[PDB]
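To start, the structure under review is shown below, and the notes come after it.
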Amino acid sequence: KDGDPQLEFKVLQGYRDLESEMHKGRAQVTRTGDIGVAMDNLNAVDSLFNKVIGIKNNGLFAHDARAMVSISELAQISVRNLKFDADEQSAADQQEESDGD
Amino acid sequence: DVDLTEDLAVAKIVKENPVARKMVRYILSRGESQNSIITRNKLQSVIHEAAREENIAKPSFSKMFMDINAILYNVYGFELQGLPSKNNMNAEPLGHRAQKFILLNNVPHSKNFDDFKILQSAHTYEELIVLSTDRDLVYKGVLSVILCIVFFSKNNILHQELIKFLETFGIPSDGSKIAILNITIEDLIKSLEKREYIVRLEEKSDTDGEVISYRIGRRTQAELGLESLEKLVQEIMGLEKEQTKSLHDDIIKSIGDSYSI
Amino acid sequence: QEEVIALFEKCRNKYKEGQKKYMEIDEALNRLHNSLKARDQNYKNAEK
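Below is the structure:
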């Protein structure tokens, strides 16, 4: 695990697809507020980084951190939505989001 | 024939008044360029100016206002409303007794039409860009967003809280010229003030200086139809008739004392 | 009584589940700390 180009690029690819799926859960959470997306993305990125352990290309760390930031926001927002079953704050974004084809 | 005869008699009163025509001319000019309310004093002032130019003795002010209102209904289906004074907000149609005046559009929806307008403008925006109509549309849109904010704020939200919510929707609070509008949001605010869409409250707390909150200005308030607001929200979330009265009461909650009802 | 029983059960669900999720948060914090404990050292080695 110290310098396999295939491992690094597959990490890149999995993370990009992860970004796409997290954008999907972005809208999912905006409508609903699920925490499982956040936790599972965290686990996915951590596992991939575990594979990146020993591999030392900066861009992977940068993108991983991007993932970290996104997932942390995911979790915080989902917790906020979990605490009680604001709505306009949800709605205006949804208004903006639903006006986001 | 009710319309025909009524407009005929309207034309007669016109033979007694071209003044009303010129009046609405200035009315709609001032609005279109400005989107403006007008004071009772300004009304009677231009009225006296006209009476001098017409060289005819001044008839009833209530007469005149009612006459022109009916004119622009049969021609425009609209109502000229005067406003109750600002002093009545912090301390029968009055018409001639009301102080601040604007025009109101008095038809209901024609649902398919408004949606088709939505469709045309959809072509518009999708083609648009990676304006004055649209410029004002964004201006009003931010307005409406903030309205909703104040409603979840129960007709009271401080300055900085509003500022945060603006940042919440990606609005650059840096002080740059507004995208497309090339101005500062502050100037927008001062407009809603002059356009009476907002209320700015500044209180000198001896610990924190002047703390500023904001409430809904009577331009919007008179503008803000209840059912209009409600079905608006339904359309915000694409809602059915199910949560109708439930969210109706939720909105009642969001209002509270928002309006001097 | 029985209303208090229902409130106790609902607050049980709330506290327990949300606390589990907060522990999820905590372990996510731990993992992210691990990332800044490892990748930062990778920065140390690479840059030095």
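Protein chains in written order, with PDB author numbering: chain F, 40 to 124, 184 to 199; chain E, 9 to 99, 114 to 152, 173 to 303; chain B, 922 to 969. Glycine included, every Cβ here is placed at the ideal spot set by N, Cα and C.
Contact check between the segment 60-72 of chain E and the segment 260-271 of chain E: fewer than three CB pairs, one atom from each, fall below 8 Å, which does not count as touching. A straight line joining the alpha-carbon of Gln962/B with that of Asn89/F spans about 15 Å. Around the beta carbon of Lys63/F, fewer than 16 other beta carbons lie within 10 angstroms, which makes this residue exposed. For the segment 270-284 of chain E, residues whose beta-carbon sits nearer than 8 Å to a beta-carbon of chain F comprise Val275, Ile278, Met279 and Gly280. For a Cβ distance threshold of 9 Å, residue set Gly939, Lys942, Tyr943 and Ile946 of chain B lies close to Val118/F, ordered along the chain.
DSSP places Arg119/F in the helix class (H, G or I) of the three-state scheme. By the CB criterion at 8 Å, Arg55/F and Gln192/F fall outside the cutoff.
Residue pairing by DSSP puts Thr47/E in a beta bridge opposite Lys122/E. Proximity to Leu950/B across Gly53/F, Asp43/F and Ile110/F peaks at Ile110/F, based on C-alpha coordinates. Cβ proximity to chain F below 7 Å picks out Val187 from the segment 173-188 of chain E.
Three or more beta-carbon pairs separated by less than 8 Å are not found between the segment 267-286 of chain E and the segment 212-229 of chain E, which leaves the two stretches without contact. Residue pairing from DSSP places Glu245/E in a beta bridge opposite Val253/E. Taking the Cα positions, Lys66/E is about 15 Å away from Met31/E. In the displayed model, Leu150/E falls within a helix according to three-state DSSP. For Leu88/E, the enclosing beta strand (DSSP E) stretches over residues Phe86 to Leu91. In this structure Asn128/E touches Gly85/E by the C-beta definition: roughly 5 Å separates them, less than 8 Å.
Per DSSP, reduced to three states, the secondary structure at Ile258/E is strand.
Nearest Cα to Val10/E within the set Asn82/E, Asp136/E and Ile124/E: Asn82/E. The secondary-structure analysis by DSSP pairs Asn127/E across a beta bridge with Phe86/E. Spanning the alpha carbons of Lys94/E and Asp73/F requires a straight line of approximately 47 Å. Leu51/F is positioned such that its CB atom lies no closer than 8 Å to that of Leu81/F. Taken through DSSP and simplified to helix, strand or coil, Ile240/E comes out as strand. Nearest C-alpha to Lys295/E among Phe194/E, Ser174/E and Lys236/E: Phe194/E. Here DSSP, grouped into helix, strand and coil, assigns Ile199/E to strand. For the C-beta of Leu46/F, not a single chain B residue is nearer than 7 Å; the gap to the nearest is close to 15 Å. Contact annotation for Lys95/F against chain B: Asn963 and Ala967 [CB-CB distance below 7 Å, chain order]. Within chain F, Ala184, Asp185, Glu186 and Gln187 have C-beta atoms less than 8 Å from the C-beta of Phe194/E, given in sequence order. For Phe211/E, at least one C-beta of chain F is nearer than 8 Å to its own C-beta.
Look at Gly75/F here: in three-state DSSP terms it is helix. Straight-line measurement puts the Cα of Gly183/E at about 20 Å from the Cα of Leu200/E. Annotation: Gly298/E to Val275/E spans about 17 Å, alpha carbon to alpha carbon.
The Cβ of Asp73/F sits no closer than 8 Å to any Cβ of chain B.
By a beta-carbon distance limit of 8 Å, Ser302/E contacts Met97/E. Their separation comes to about 6 Å. Annotation: the continuous alpha helix (DSSP H) that includes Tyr964/B extends over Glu923 to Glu968.
For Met107/F, the nearest CB of chain B lies under 8 Å from its own CB, placing it at the interface with that chain.
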